[PDB]
$ cat upload.pdb   # PDB, C-alpha atoms
ATOM      1  CA  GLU V   7     -46.534 -96.444 -17.903
ATOM      2  CA  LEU V   8     -50.274 -96.159 -18.539
ATOM      3  CA  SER V   9     -51.900 -95.648 -21.941
ATOM      4  CA  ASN V  10     -54.082 -92.896 -23.400
ATOM      5  CA  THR V  11     -56.955 -95.141 -24.482
ATOM      6  CA  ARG V  12     -57.024 -98.676 -23.081
ATOM      7  CA  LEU V  13     -58.642-100.239 -20.013
ATOM      8  CA  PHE V  14     -57.939-103.787 -18.837
ATOM      9  CA  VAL V  15     -60.848-105.580 -17.165
ATOM     10  CA  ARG V  16     -60.947-108.743 -15.058
ATOM     11  CA  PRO V  17     -61.889-112.225 -16.340
ATOM     12  CA  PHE V  18     -65.632-112.584 -16.916
ATOM     13  CA  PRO V  19     -67.698-115.792 -16.624
ATOM     14  CA  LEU V  20     -69.463-117.651 -19.434
ATOM     15  CA  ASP V  21     -71.150-114.299 -20.061
ATOM     16  CA  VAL V  22     -67.806-112.871 -21.179
ATOM     17  CA  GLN V  23     -68.843-111.007 -24.328
ATOM     18  CA  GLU V  24     -68.864-107.525 -25.860
ATOM     19  CA  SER V  25     -72.592-107.355 -25.122
ATOM     20  CA  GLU V  26     -71.976-106.749 -21.417
ATOM     21  CA  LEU V  27     -68.917-104.599 -22.117
ATOM     22  CA  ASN V  28     -71.036-102.283 -24.264
ATOM     23  CA  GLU V  29     -73.990-102.287 -21.868
ATOM     24  CA  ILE V  30     -71.549-101.517 -19.055
ATOM     25  CA  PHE V  31     -68.884 -99.289 -20.604
ATOM     26  CA  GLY V  32     -71.555 -97.862 -22.887
ATOM     27  CA  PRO V  33     -72.499 -94.891 -20.679
ATOM     28  CA  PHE V  34     -68.949 -93.526 -20.752
ATOM     29  CA  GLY V  35     -68.000 -92.635 -24.313
ATOM     30  CA  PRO V  36     -67.434 -93.778 -27.914
ATOM     31  CA  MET V  37     -65.583 -97.056 -27.372
ATOM     32  CA  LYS V  38     -63.037 -97.171 -30.196
ATOM     33  CA  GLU V  39     -62.753-100.936 -29.731
ATOM     34  CA  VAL V  40     -63.326-103.807 -27.302
ATOM     35  CA  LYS V  41     -61.725-107.169 -26.535
ATOM     36  CA  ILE V  42     -63.054-110.118 -24.534
ATOM     37  CA  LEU V  43     -60.919-113.202 -23.907
ATOM     38  CA  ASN V  44     -61.399-116.103 -21.492
ATOM     39  CA  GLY V  45     -59.156-114.906 -18.678
ATOM     40  CA  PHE V  46     -58.962-111.165 -19.292
ATOM     41  CA  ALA V  47     -60.831-108.292 -20.942
ATOM     42  CA  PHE V  48     -59.827-105.033 -22.624
ATOM     43  CA  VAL V  49     -61.581-101.866 -23.797
ATOM     44  CA  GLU V  50     -60.144 -99.008 -25.853
ATOM     45  CA  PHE V  51     -62.155 -95.780 -25.777
ATOM     46  CA  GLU V  52     -62.022 -93.241 -28.607
ATOM     47  CA  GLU V  53     -61.404 -90.574 -25.967
ATOM     48  CA  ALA V  54     -58.740 -90.523 -23.251
ATOM     49  CA  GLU V  55     -61.223 -88.809 -20.936
ATOM     50  CA  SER V  56     -63.866 -91.507 -21.385
ATOM     51  CA  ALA V  57     -61.218 -94.129 -20.629
ATOM     52  CA  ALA V  58     -59.697 -92.358 -17.626
ATOM     53  CA  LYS V  59     -63.223 -92.090 -16.226
ATOM     54  CA  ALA V  60     -64.383 -95.640 -16.940
ATOM     55  CA  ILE V  61     -61.218 -96.798 -15.178
ATOM     56  CA  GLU V  62     -62.254 -95.012 -11.984
ATOM     57  CA  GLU V  63     -65.932 -95.789 -12.562
ATOM     58  CA  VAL V  64     -66.078 -99.455 -13.571
ATOM     59  CA  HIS V  65     -63.308-100.277 -11.097
ATOM     60  CA  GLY V  66     -64.962-101.426  -7.884
ATOM     61  CA  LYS V  67     -68.260-102.309  -9.545
ATOM     62  CA  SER V  68     -70.233-105.554  -9.330
ATOM     63  CA  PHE V  69     -70.984-108.206 -11.950
ATOM     64  CA  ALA V  70     -71.759-111.930 -11.989
ATOM     65  CA  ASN V  71     -71.973-111.934  -8.191
ATOM     66  CA  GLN V  72     -68.344-110.798  -8.098
ATOM     67  CA  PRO V  73     -66.391-107.533  -7.676
ATOM     68  CA  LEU V  74     -65.250-106.075 -10.998
ATOM     69  CA  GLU V  75     -61.840-104.499 -11.594
ATOM     70  CA  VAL V  76     -60.561-102.195 -14.337
ATOM     71  CA  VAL V  77     -57.248-100.395 -14.841
ATOM     72  CA  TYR V  78     -55.223 -98.538 -17.470
ATOM     73  CA  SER V  79     -54.191-101.312 -19.859
ATOM     74  CA  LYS V  80     -50.483-100.984 -20.642
TER      75      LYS V  80
END

$ encode --input "upload.pdb" --output "structure tokens"
Amino acid sequence: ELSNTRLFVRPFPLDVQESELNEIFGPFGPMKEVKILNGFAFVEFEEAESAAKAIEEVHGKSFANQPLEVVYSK
């Protein structure tokens, strides 16, 4: 059901941009691509490992005075 390289993030505030995604998901691996839309976010790593990790790393983090959430984007 899950993917090899794709992590779905929660909806970010007015600061919803790739800038934060890179500064956050940066220390994980070579992000093949990134997507930021008002309501939901997505990040595709160039390495399954980097993604599988970021999913268990970013998930449960904090940002914008709110609990972050990331999972394996279908």

$ resolve_selection --input "upload.pdb" --expression "the PyMOL selection byres ((chain V and resi 60-67) around 12)" --output "count of residues only"
43

$ atom_distance --input "upload.pdb" --atom1 "CA of residue 42 in chain V" --atom2 "CA of residue 23 in chain V"
5.9 Å

$ atom_distance --input "upload.pdb" --atom1 "CA of residue 22 in chain V" --atom2 "CA of residue 46 in chain V"
9.2 Å

$ residues_near_point --input "upload.pdb" --point "(-64.8, -117.5, -19.0)" --cutoff "9 Å" --atoms "only C-alpha atoms" --output "PyMOL selection string"
chain V and resi 17-22+43-46
